[PDB]
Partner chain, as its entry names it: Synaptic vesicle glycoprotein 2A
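The chain below stands alone and is given in structure tokens; this is the form solved without the partner chain.
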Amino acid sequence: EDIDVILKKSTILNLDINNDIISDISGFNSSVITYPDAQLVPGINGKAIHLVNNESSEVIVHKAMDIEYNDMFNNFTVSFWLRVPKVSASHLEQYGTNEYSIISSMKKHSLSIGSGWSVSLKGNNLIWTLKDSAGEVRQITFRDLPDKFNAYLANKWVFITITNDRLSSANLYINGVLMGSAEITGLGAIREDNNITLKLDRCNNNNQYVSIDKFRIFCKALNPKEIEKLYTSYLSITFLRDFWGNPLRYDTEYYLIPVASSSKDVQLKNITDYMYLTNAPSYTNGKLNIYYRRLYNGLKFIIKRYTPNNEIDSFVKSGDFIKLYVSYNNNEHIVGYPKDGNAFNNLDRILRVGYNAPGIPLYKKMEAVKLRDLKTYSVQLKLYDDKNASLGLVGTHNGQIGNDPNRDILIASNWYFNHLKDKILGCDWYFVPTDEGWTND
């Protein structure tokens, strides 16, 4: 059969958010009951569930009749997108050993053992736990990476898939790739609750919160092939994304960082002059084994609309035409290339900030596009001249201008169009907005 078919037909639960209401679109018609404080925020494709630390934030699904016991002995997969702020060093010390769940099928203190499955978080650990009615227990504990800029639980939307083979293993996937496993033969009857509960349980930190989207369950163990398809199916190409996976926006400030050189910030020569990469400061913690380049230094960039013309859509769309500005000192300075302005031999046009020489036209119309790399939250920008000719994608070039040090200078180039299939490319950018989910220790 076809992957898309298989995925469809094995779906037994699918939580869709349409019209600001959470329901089950799988066909089974499971009763969803959202409590007063489950929030609704921006998502991978739509709005997503956002849970805070309290008894009223919660979404409960009461299994329909038909699916009551599909995980008792049989195979099943759980999948969902998950987003979890980056734990601060301080919260690691004080709450590091506080394992709380966020999604569970296990009725707790009541006298029903806890039989069932649970998804839970413990410092920087993501854990899946299975428990049969005799109380036997199998667990995959996934230990996030130490480098927080590149980790799965340091604020970005990530896609989780856990498959359960009762004659063999239980595997845990992150963004389509195996991140952990455990052998689960030796489990007997999974005897859960009739409710699947999304909600922070027993979490000791009043501020903790997490976001979940697309909560789905299949009555089969998905194979890696199916999983990558599942995973890329939610990755809609028409809407651009910020570094955290949320909708790219007009009129908000973003720090630019090059995917190819993610230790680098952009910096500005001077108003009217050029831009270049610099090294991003540091944060390290041997004792907690966590490090990351620090965010929020460098240039602030704001995207404006060039035409008005769709409606107030706050989100940028691939192909929208835009104007880029730098937000340096409460003033706003446009980014462009002045006609016949300094460029490198091969014709790499150097970008200027705030250029205003009387009499010289300034090319400055850009198009925001996604040309490569569907799973990275990165964007590409293409610059045109007044005749709608390409001055090519924005990226960098190494060299010197005057007596200035050798630098990786921001420029526009048509070169990049010939290398769109590479792994790593100089025109790929990360648009980072400041966020409560990430504060630099």
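Positions refer to the first chain, counted from 1. If you superpose the two forms and keep the largest set of C-alpha atoms that fall within 1.5 Å, you have the rigid core.
For the pair 367-375 and 112-120, greater average C-alpha departure from the shown form in 6 other deposited structures of this protein after core alignment is found in 112-120. Averaged as a root mean square over residues and superposed structures in 6 other deposited structures of this protein, CA distances to the shown form are larger in 344-352; the pair compared was 162-170 and 344-352 with a core fit. In this entry, 216-224 has the higher mean Cα B-factor, the comparison being between 216-224 and 173-181. Relative to one another, 72-80 and 306-314 have unequal mean CA B-factors, and 306-314 is the one with the higher figure. Taking the deposited Cα B-factors for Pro146, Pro358, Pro338, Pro85, the highest one is held by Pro358.
Per the deposited coordinates, the residue with the largest Cα temperature factor out of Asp265, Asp242, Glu367, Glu332 is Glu332. Among all modelled residues in this chain, the alpha-carbon of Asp373 has a temperature factor (C-alpha) in the middle third.
The entry lists a Cα temperature factor for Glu192 that places it in the highest third of the chain's modelled residues. In the PDB entry, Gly27 places in the highest third of its chain by CA B-factor. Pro258: CA B factor lies in the lowest third for its chain, per the PDB record. Ranked by C-alpha B-factor against the other modelled residues of its chain, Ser101 falls in the lowest third.
Although not depicted, the form solved in complex with the partner chain is the subject of the following passage.
Proximity of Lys323 to the partner chain in the entry with it bound: non-hydrogen atoms within 4.5 Å are absent; the residue sits far from the partner. Within this chain, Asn279 lines the site of the partner chain in the entry with it bound, having a heavy atom no more than 4.5 Å away. Remark: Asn406 counts among the residues lining the partner chain in the entry with it bound, judged by a heavy atom distance of 4.5 Å or less.
Contact annotation: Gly286 falls within 4.5 Å of the partner chain in the entry with it bound, judged by heavy atom distances.
Here is the short version: of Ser56, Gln400, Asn388, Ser31, the single residue with a heavy atom within 4.5 Å of the partner chain in the entry with it bound is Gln400.
The contact residue chosen from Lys269, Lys229, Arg138, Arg294 relative to the partner chain in the entry with it bound is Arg294, the criterion being a non-hydrogen atom within 4.5 angstroms. Of the candidate stretches 244-252, 116-124, 286-294, 130-138, only 286-294 has residues with heavy atoms within 4.5 Å of the partner chain in the entry with it bound. Contacts between stretch 315-332 and the partner chain, counted in the entry with it bound as any heavy atom lying within 4.5 Å, involve no residue at all.
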